[PDB]
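Presented below is the structure to which this report refers.
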Amino acid sequence: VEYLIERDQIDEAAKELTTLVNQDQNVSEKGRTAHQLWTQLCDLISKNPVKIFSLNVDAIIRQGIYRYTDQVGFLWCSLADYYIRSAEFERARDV
Amino acid sequence: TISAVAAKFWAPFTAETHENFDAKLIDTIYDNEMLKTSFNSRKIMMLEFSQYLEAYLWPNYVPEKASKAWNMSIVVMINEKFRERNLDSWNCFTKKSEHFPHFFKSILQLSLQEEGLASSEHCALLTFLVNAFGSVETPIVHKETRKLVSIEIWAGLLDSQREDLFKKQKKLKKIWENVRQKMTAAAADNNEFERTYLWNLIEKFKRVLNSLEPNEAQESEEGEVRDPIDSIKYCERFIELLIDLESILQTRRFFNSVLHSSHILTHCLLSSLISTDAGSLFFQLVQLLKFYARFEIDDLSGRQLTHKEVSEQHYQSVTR
Amino acid sequence: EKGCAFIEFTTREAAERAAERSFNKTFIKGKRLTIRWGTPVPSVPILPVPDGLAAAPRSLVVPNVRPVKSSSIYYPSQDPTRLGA
Amino acid sequence: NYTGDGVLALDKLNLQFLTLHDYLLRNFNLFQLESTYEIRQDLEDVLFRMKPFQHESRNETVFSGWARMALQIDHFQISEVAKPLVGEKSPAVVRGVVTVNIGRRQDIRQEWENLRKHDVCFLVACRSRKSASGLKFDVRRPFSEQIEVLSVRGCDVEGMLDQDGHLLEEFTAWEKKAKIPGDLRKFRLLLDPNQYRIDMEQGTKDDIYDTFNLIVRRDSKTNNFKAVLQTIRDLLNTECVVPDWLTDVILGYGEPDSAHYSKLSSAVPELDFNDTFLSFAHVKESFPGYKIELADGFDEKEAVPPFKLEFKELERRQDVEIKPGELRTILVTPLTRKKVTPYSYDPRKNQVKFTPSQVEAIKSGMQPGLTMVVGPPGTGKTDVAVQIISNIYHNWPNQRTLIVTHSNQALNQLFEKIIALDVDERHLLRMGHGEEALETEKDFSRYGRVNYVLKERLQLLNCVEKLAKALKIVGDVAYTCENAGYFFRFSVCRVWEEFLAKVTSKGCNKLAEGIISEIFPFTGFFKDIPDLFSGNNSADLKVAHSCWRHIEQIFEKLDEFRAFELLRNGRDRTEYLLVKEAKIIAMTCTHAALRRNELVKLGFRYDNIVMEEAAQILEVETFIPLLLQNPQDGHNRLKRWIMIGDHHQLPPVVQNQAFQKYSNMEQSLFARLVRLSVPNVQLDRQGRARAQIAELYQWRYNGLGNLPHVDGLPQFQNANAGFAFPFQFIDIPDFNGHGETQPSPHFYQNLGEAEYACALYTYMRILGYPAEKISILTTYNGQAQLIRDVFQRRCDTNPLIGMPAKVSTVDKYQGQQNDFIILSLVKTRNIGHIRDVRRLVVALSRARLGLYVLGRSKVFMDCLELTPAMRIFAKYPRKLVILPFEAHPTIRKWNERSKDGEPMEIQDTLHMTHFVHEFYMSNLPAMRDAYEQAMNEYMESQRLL
Amino acid sequence: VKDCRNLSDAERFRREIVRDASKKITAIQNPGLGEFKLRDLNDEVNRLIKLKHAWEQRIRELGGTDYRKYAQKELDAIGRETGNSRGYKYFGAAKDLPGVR
């Protein structure tokens, strides 16, 4: 993942992060738990709207408004932030 | 009975001795065996199995003598050949093709004719269109149905609706001018019927659908009363025709603008019949039509639209 | 032929009590029982089968047969109660 | 109950579809509906067979019956509900575990223990509605009146669990033969996570998944329904990429020939007809209306196969054209194939003198694009197919061919044929649930081919040891393929190149004659060939190169087998075999849908599809084989689709009337493309029945006729022994006062015909006809059960009479044939579904030598659609005329009256069964003595073995 | 405590507890359920798992199958024991709680 990010393979890096998050081990060998790995995905996926194509970015972030009840207010803004960076201001207002 | 008449007049196993033709028998058989029995399935199945069409109705067909009973009885036989499904229904016409354009046109005129046909007869006509529009591979039939769904039917659109299409595909406008300068005179005596047919058939469906309104379905002042069920079957067969026109790209390309411009889905969905129990199957058909009526396709090019493109165009449409 | 019999009870408990309260008991009838666990189709002839069987000859004799001058279940497929199972 | 009268709110499979998503979505809807109707019919039949009843003093269902396809659930539990994957709503996995007592009947026990991954089973919770100490059920009454079903949940099967609870994955079953103790087994089951979500979004305190008491398994041809639907859902979600040359004809737009090689620019004018032609005279006969000539430097005295043909009219340059004054020109060059071995290898070669229409199919099958060929009964459609396979394999050995077929039986005939052609046995692979019991003497299963590769690798390494011994090379070079490869490159190639250097630098002009016989190094390897070199350097250098190609071919095979030394596990070996080693992969259309989501993940790649029986494949199941691979780019890599079928024979079986008749699901994709007027090749010469029998059905086909040997073979010239005519239609009057009978809805029977067919089969058996050569057919399923019951009563009990080769419906006998057919046309009041000409053409074409049809003439002689066949039957008497003097075989010709005695005419079933009783009885001693002699010589000849 | 002393009944109650526990685990996985109710259900599941083991002891005492050898780790796959809470497992959404994580 760290290689792919440095080589700007952001869509492939996000594919491998989802593979990491799909593993239910409490922590990775780099010391990151699944919630921290999923946060790195939401970071990567919201701040790169143009560069990512394989992931329904809206769907995964709403799957965080679900379950992660302690950060709902953050994730609604994070979903809008994704659309604002895409310059899709109409859907930003919908969010 | 059918078999005694059949053996005397047309059955091939009596071909050495069956009687000379008598067109008045066709009127007799249609009235007594088909029509007055409400198109009894067993009677019609026995007539069709006995080759009544291929031996009697069609070889003797001449257009100057074809009564309404003769034309309708041919339609009834083909509908029987079609509900069997396993049969080359159009075979006898493909052999003797000369009178089929006159037969078909006469059948279209009966579909618009309101006086003097029963609603059960009108279901049979409209069923023959569904059969005719279905069998697109038989060229004798396809050359007829192709005339009813061609760019000339856009003469019934509003000028503003045609202008929208010419902005969508620029070359249509030059084609439309060539059509307009043609269809204003050149074979307009024929071509005016062909282009207005589906507009007039839509209007007849609206009247049948309005006849099922509970403030229209009352008994007449003369005393005749209409059973709803044959009118409901007419409506159900009509939505099937509209779906089948919509589901084939060469018909859809022209008819989709007509289906929208006629507001026929509004007339369906606001009718009483949708809300009734009896119209439950009509409702399912209208919902199947509503799907095709705005399918994810660019009809003028045939290009499949993606879910992204349809959603993006919707947002852009509402914003403007 | 073997001096044996078999009984199937409607329940195991009936068999168990019948087993436990009669095994190795003397009994009047058996002295001391030892007990342990475990149509033709009308007008169709039927062809006789030769004895002990369970090619054809190239010259044949022809019999001088001359023509003659509700139904019910005979086969299991004719019966709806068996066709269902 | 759909009769065709009413409208239904269903999709239709008409000729044309708006888009690919439209086409898929109509297929999804109608296939989901049909498979649900199949599931209903299976479960109702099973649950009647299990005969559930309420226990007389408990609130629990007890099953008093038995069925092959169901077992009582001893226990069921859910073991895992995995968290939703990132971006998904449903759980990732829902693992049920079911416990069942399989019972002690061995064949059923084998069947349950051979449940495999992705097999579909239904967990069912049911009760009786009616209370009795055991209960009978009537199919004349509704199911929901008698038995109550309160839950059905489908599961994917995962493998059976062992004693500890580890999972017996598929490849362990070939080797883990240690039987699990007792009769209980456990299976792990994948519940559908969407339905588990739906079952719990309602909330839970009661639980549906506790309630189950049966598990039901589907048969080998209907398991695929969930895999079909899963496939289509995926193709609707993803950007499906059908080839640009192909999407138009699947949707039915553009010119229908846009997929044909005439319009495609990618067609190649030069093709190597490797062995399609037996001789240069055959080349000339195969292309009527073409100028055929040899190229310069060849002469018709020596022009011999193989032939490259150049079709000048397929070149797109303007300088080459059908110019006036000469015919279309085919240029023939024979190929001097330089043989790869010095041994006396007689090559496997085609021996079928293809007729011009078959060659037109084979030519079109080598060209890219869509090739449709219509194969009337007896026209060599299998041999056309196999030659297309062989020609592709030789012309483009880098290309992989997937063969899809409706039946496993046609897949057997295919592979029996291919092995007789020059196809290397390691390159063939066959896949399917039948693979445990393949009928070929060579095992082409994944397991079978791996064992072949392991076996051949060992025998090749023995040759490497033998080669090293000839070279006097000391070392462990035969230990592995890897050791052998370094031995080849460093040592064998060096010595070989050192030989060619001496020949080329000196041997051409400044060494002794025949010195090649001295300096050739591998003489000790070919020590089992005498006189290897003749003593002429100009000639011996050629066989020396032929000796080298033999050595080089050994190491080429090894270098491909190296993977079997690195992949040491059965799963990984079959993956390498399936994706890399096999060039020709054979699969059923059922199995292609099941294995797609594995094959797509393995990276399985194929270039050509050959479909056989394509008219019998459903439109949905025909399409799916096109998409067993990922598109590597903006277009699919498939180069050829060949479809072989016959739209004038029967459609696919669709058993719901509405989905059959309204939505036209009985239209195969093959039949639809024919209605679209896609160009197709009619195989126009029939080689497999009498011309007299053939006349009864060939009226349906344009130009269909007979091969020259059909007039010539003695079995077609001679009459059917004991019959005056080679076929008859026999008017069966009422027997015991009844015509047809019908105990269940649409379950028609006719006992008068069934008793006549039994006597008529017995009559043939008294005449000495082999029982294997007679098959009894009927148009209706109901009569087929009755004929079986009659024959099981009245024939099978007698060892002299025996049992016919098969008693079948016509529909299930499609694609099969026999010498003698006795055909029962059950109906007597009104014509049946035989009025479908596709039923008729199949029924009338199953015979080769005699077809005797039992039925009421007056029901059928009046029918328009049957009139062409009936006018031929009307040439002969409507009563069976027999010649009981003529035991089988007769020297009498088919068209002459017998000179010995006189015939007798069988009036009816009563006279037939009375005559046959006396004819049996009067000949019984002589017939017995023959059988006693035949069984003695059987047992005596085997007694020495 | 053991309700029934019969070996066949003990296996039935064991399966019932396992049957009952599975219903409760589905509820903990649903995110809409309050922290207190989730914790309570998590305690109930752990008690039932302990009770399940207790029934296995009664089955073992009665000469039945020693299910502790056949105890597949699948139950451990969802519930991981905390190093300081030897024998207590947290399932489902209980891993998402602050502090428990």
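Protein chains in written order, with the deposited numbering: chain A, 191 to 285; chain B, 20 to 339; chain C, 273 to 310, 325 to 340, 363 to 377, 387 to 402; chain D, 453 to 1397; chain E, 34 to 134. Beta carbons are placed, not taken as given, at the ideal position from N, Cα and C, and that holds for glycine.
- When only Cα atoms are considered, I1076 (chain D) and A1045 (chain D) end up about 6 Å apart.
- Secondary structure note for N843 (chain D): its alpha helix (DSSP H) is the uninterrupted segment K833 to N847.
- Residue pairing by DSSP puts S603 (chain D) in a beta bridge opposite D:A577.
- Here DSSP, grouped into helix, strand and coil, assigns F1337 (chain D) to coil.
- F942 (chain D) sits exposed, since fewer than 16 C-beta atoms from the chains shown fall within 10 Å of its C-beta.
- Under the Cβ criterion of 8 Å, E255 (chain B) is counted among the residues facing chain D.
- In this structure, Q1180 (chain D) and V1062 (chain D) do not form a Cβ contact; the two beta carbons are roughly 40 Å apart against a cut-off of 8 Å.
- Using a C-beta cut-off of 8 Å, the region 666-673 of chain D makes contact with the region 505-525 of chain D, since at least three inter-stretch Cβ pairs fall below that distance.
- Here DSSP, grouped into helix, strand and coil, assigns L523 (chain D) to strand.
- Per DSSP, the unbroken beta strand (DSSP E) holding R669 (chain D) starts and ends at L666 to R669.
- In this structure the region 252-269 of chain B lies against the region 138-152 of chain B, because at least three pairs of beta carbons, one per stretch, are closer than 8 Å.
- Take the alpha-carbon of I871 (chain D) and the one of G959 (chain D): they are about 43 Å apart.
- Note that the C-beta distance between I200 (chain A) and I242 (chain A) is below 8 Å.
- Of all residues in the region 200-216 of chain A, the ones placed with a Cβ closer than 8 Å to any Cβ belonging to chain D are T208, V211, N212 and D214, in chain order.
- Neighbours of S1374 (chain D) in chain C, taken as residues at a C-beta separation under 7 Å, are given in chain order as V369 and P371.
- The Cβ-Cβ distance between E156 (chain B) and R1127 (chain D) falls below 8 Å.
- Look at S320 (chain B) here: in three-state DSSP terms it is coil, with no helix or strand label.
- Residue contact check for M652 (chain D) against chain E: a CB pair falls below 8 Å.
- Rounded to whole angstroms, the gap between the alpha carbons of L703 (chain D) and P695 (chain D) is 12 Å.
- Within the same chain, Cβ atoms closer than 8 Å to the Cβ of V792 (chain D) are found at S998, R1001, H1002 and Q1005, the five residues on either side in sequence being excluded.
- When C-beta distances to chain D are compared with 8 Å, the residues of the region 232-253 of chain A below that value are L245, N246, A249, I250 and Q253, in chain order.
- Contact check for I45 (chain B) against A88 (chain B) passes: the beta carbons are separated by less than 8 Å.
- Among the CB atoms of chain E, none fall inside 8 Å of the CB of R222 (chain A).
- Under a 10 Å Cβ-count criterion, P328 (chain C) is classified as exposed, with fewer than 16 other Cβ atoms of the shown protein chains found around its own Cβ.
- If you ignore the 5 residues before and after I274 (chain A), its C-beta comes within less than 7 Å of the C-beta of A282, all in its own chain and listed in chain order.
- The shortest C-alpha to C-alpha distance from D1288 (chain D) to any of D:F1367, D:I1273, D:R1152 and D:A1223 is the one to D:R1152.
- Contact of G310 (chain C) with chain D by beta-carbon distance below 9 Å is absent, the smallest such distance being about 14 Å.
- If you check the CB distance, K56 (chain E) and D659 (chain D) come in under 8 Å.
- Of D:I1094, D:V1130 and D:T1074, the smallest CA-CA separation from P1103 (chain D) is found for D:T1074.
- Contact annotation: in the region 587-599 of chain D, residues whose CB is within less than 8 Å of a CB in chain C are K588, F589, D590, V591 and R592.
- Minimum Cα-Cα distance from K760 (chain D) among the listed residues D:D727, D:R492, D:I981 and D:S487 corresponds to D:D727.
- Residues of chain D whose Cβ lies closer than 8 Å to the Cβ of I267 (chain B) are, in chain order, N466, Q468 and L470.
- Partner residues in the beta bridge of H1190 (chain D), as assigned by DSSP, are D:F1187.
- Sequence-distant partners of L1121 (chain D) (beyond 5 residues in either direction) whose C-beta falls short of 6 Å from its own C-beta, in its chain, are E1071 and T1074.
- 8 Å or more divides the Cβ of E1205 (chain D) from the Cβ of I1228 (chain D).
- The straight-line gap separating the alpha-carbon atoms of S218 (chain A) and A224 (chain A) is approximately 8 Å.
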